[PDB]
Amino acid sequence: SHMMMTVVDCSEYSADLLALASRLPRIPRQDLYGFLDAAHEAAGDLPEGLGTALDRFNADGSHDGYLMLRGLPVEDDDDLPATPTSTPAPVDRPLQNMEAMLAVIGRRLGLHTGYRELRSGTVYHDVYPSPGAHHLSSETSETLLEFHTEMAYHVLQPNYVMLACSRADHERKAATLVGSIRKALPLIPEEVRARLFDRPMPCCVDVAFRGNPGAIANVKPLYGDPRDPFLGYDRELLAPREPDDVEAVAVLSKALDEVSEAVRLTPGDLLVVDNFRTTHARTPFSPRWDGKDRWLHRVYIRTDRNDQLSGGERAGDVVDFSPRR
Ligand SMILES: NCCC[C@@H](C(=O)O)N1CCC1=O
C-alpha cells in the first residue's frame, strides 16, 4: 500500500481553509487571473502542516507518485447544485469549496494551465458522466478509462493533475488507479529498461487535439535520469511499431498494472497526481442521471522544470497544442 506520508488528513484544518476560501472571488471565471492571484496569497497562509506536506511532495514527488488530501471542507450534498451535464461550465457559476481548494492548494504547487483545444480552453474542468461518452473521455463511466499519463504527447504536458471530489458515485465503486514508475521499475528487467529509456515512440493524441490523424507525436516511455526516470505511458494512444518496442512497452504495461493502487475519491478528497512519474485510470461505475452523479473538479499545474515553462507564464494561461517530436 501507499506510505503513511501519502495520505494527509486535513479535517483539523477545516475552519482555517474555509476562512481562506471566504476571501476568494465568488465568481472565479469572470476574472480567472485575479482569482488565482488571490489564491496564491492564500497559499502562503495554508496551515503549516499542509503547506509542508505539499512542498515536500512538490520537490521530487514520492515513491507512490501521488498525494491524497482527505477531509477538506466540502459542502453538504444538498447544498451543491445538480451535477453538471455539459462543458464548459457557465461563466457566472459561483465558486464551490472544492474548487477553492484546487485554487489555493494548486497555487502552492504551481501555475494552473488550460489547453486551448480541450474543453473550450477552460482551466477548471468538471469530470462527470455522460451517456454517450467516447471511450477515451473522462466522461466515461460503465467502461474503464484506461491508464494514461495526461497529455504525455503534448510539449506543454503538466507536472500535476489535480482531482477534487464534490460527489462520489452513488455506490462508491469508481476507483482512480495510480501506477507509479518508481514502484514499477524494479519489476522491469534491465534489458527492457534500456530499450524503453530515451527511445521516442509513435503516439496518437486525444480527440481534442486531432484538428484520427494517427501517431503525430513521439513519446519516450522512460526519460530523464535512467536511475529515476520519468514516465510517459498511454495504453490506448502509444503505438510502437518495431517488435522490440511493442515488447518493451508490454512489459512496462504489465509492471504498471502490478503496482497500481486504487484510490476511491469521496467528497472532500483531493488527489495530486505526479504526472511525470505516474499513469492513471478510472474503473467502471453506473451513473443514475438523478442529479447526484459523480462530480470531480480537475485542474492542471505546471512547474518550472522539464521545460514546462519558458518565461512570463501566469496561473490561468491557456496554451496551444504542439506535439512532442
Ligand atoms: N484518455 C484520457 C484523456 C481524457 C480527456 C478528457 O478530458 O476527456 N483528456 C484529458 C486531456 C484530454 O484530452
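For the single chain, residues carry numbers from 1 onward in sequence order. Values below: all heavy atoms of this structure, side chains included; hydrogens, waters and symmetry mates excluded.
Partner of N159 under the side-chain hydrogen bond (donor to acceptor under 3.5 Å, both in side chains) criterion, chosen from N306, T303, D304: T303. Looking at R119, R93, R298 one by one, the single match for salt bridge (charged side-chain N to carboxylate O under 4.0 Å, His left out) with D126 turns out to be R93. The residue from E142, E139, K292 that alone fulfils the side-chain contact (heavy atoms from CB on, under 4.5 Å) condition with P287 is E142.
Here the closest non-hydrogen pair linking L185 and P229 is CD2-CD, 3.6 Å. Taking every heavy atom of both residues into account, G44 and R108 meet most closely at CA-NH1, 4.3 Å. The shortest heavy-atom contact between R325 and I216 is NH1-O, 2.9 Å. Pairing each heavy atom of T176 with each of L163, the nearest pair is CG2-CD1, 4.2 Å. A174 and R282 make their closest contact through CB-CD, 4.2 Å (heavy atoms, listed as atom of the first residue, atom of the second, distance). The shortest heavy-atom contact between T278 and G65 is CG2-O, 3.3 Å.
If you take CG on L72 and CG on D269, they are separated by 7.5 Å, rounding to the nearest 0.5 Å. To the nearest 0.5 Å, the span separating CG on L46 from OH on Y13 amounts to 9.5 Å. Within the model, atoms CD1 of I301 and CG of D274 stand 13.0 Å from one another, a figure rounded to the nearest 0.5 Å. Once rounded to the nearest 0.5 Å, the distance linking CG of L252 with CG of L222 reads 6.0 Å.
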Problem set entry | side chain to side chain donor-acceptor pair (under 3.5 Å) between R235 and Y233, worked out | CA-CA 7 Å; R235 178 155 300 173; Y233 178 75; 2.9 Å; yes
Problem set entry | Stepwise side chain to side chain contact (heavy atoms under 4.5 Å, CB included) check, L136 with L237 | CA-CA 10 Å; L136 300 177; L237 298 182; 4.0 Å; yes
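At distances below 3.5 Å, at least one donor-acceptor pair connects side-chain atoms of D317 with backbone N or O atoms of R314.
By the ring-ring contact (aromatic ring centres under 6.0 Å, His included) test, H112 is found to be paired with no residue, residues two or more places apart in sequence or in another chain being considered. Taking the ring-ring contact (aromatic ring centres under 6.0 Å, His included) definition, one finds that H154 meets it with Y115, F209, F321, sequence neighbours left out.
Under the ring-ring contact (aromatic ring centres under 6.0 Å, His included) criterion, the residue pairs touching residues 254-294 are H148-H280, with sequence neighbours excluded. Residue pairs that meet the ring-ring contact (aromatic ring centres under 6.0 Å, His included) test with at least one member in residues 162-200, sequence neighbours left out, do not exist here. Sorted by first and then second residue, the side chain to side chain donor-acceptor pair (under 3.5 Å) pairs involving residues 179-188 (not counting sequence neighbours) are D60-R182, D64-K183, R182-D228.
Counting heavy atoms from C-beta on, the side chains of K220 and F230 never come closer than 4.5 Å.
With side-chain heavy atoms closer than 4.5 Å counting as contact, directly or through intermediates, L144 stands alone and belongs to no larger hydrophobic cluster.
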